[PDB]
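**Student:** Please find the sequence and an experimentally derived structure below.
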Amino acid sequence: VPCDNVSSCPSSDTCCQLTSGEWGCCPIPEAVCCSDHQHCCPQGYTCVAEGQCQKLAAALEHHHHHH
């Protein structure tokens, strides 16, 4: 997490840039972004290396839906 020495990002977070030459912490260090134009694993799972796509969050969200 290389973002100067003024303000770093502790815990499970991500360093975001600003428009004042200063770096801050992002309050939204979650959610996936892997889908590959929908071909293998959509936005329902996470893209993990050495293996396959799988999620860790979103549980008991009623998987008996969809149509």
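**Tutor:** Arrived safely, thanks for sending. Numbering: from 1, shown residues only.
**Student:** At which residues are the strands of this protein located?
**Tutor:** Counting by DSSP state E, residue ranges of the strands within the chain are 14-17, 23-26, 46-47, 53-54.
**Student:** Outside of the third one itself, list whatever touches it.
**Tutor:** With contacts defined as Cβ atoms under 8 Å, 6 or more residues apart in numbering, strand 46-47 is touched by 32, 34, 41, 53, 54, 55, 56. For the C-beta atoms, the positions are set from N, CA and C on the backbone; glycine is no exception.
**Student:** Please look at the first one and residue 41 and confirm they touch.
**Tutor:** Spelled out, that is residue 32. No: at 9.0 Å, residue 32 and residue 41 do not qualify as touching, with contact defined as Cβ atoms under 8 Å.
**Student:** Return the set of buried residues in stretch 7-14.
**Tutor:** Using 16 or more other Cβ atoms under 10 Å as the burial criterion, the residues of stretch 7-14 that qualify are residue 9.
**Student:** Between the two ends of that stretch, how far is it?
**Tutor:** Stretch 7-14 has an end-to-end distance of 12 Å (criterion: Cα to Cα, to the nearest Å).
**Student:** what does that stretch rub up against?
**Tutor:** Outside stretch 7-14, the residues touching it (Cβ under 8 Å, 6+ apart) are 1, 3, 15, 22, 23, 24, 25, 26, 29.
**Student:** what about the fifth one, how many neighbours?
**Tutor:** Other residues within reach of residue 23 by the criterion other Cβ atoms under 10 Å amount to 18.
**Student:** Kindly state the beta-bridge partners for it.
**Tutor:** Following DSSP bridges, residue 23 is listed with bridge partners residue 17.
**Student:** Reformat the strands of the chain as TSV; add distance to residue 8.
**Tutor:** Formatted as TSV, these follow (distance: least, Cβ to Cβ, whole Å):
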stretch	distance to residue 8
strand 14-17	7
strand 23-26	8
strand 46-47	24
strand 53-54	29
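**Student:** can you tell which of the ones you listed is closest to residue 66?
**Tutor:** When the strands of the chain are compared by Cβ to Cβ, strand 53-54 sits nearest residue 66, at 18.3 Å.
**Student:** Got a PyMOL select line for the buried ones in the contacts of strand 46-47?
**Tutor:** Below is the selection syntax for PyMOL that covers the buried ones among the contacts of strand 46-47, with 16+ other Cβ under 10 Å defining burial:
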select buried, resi 32+41+53
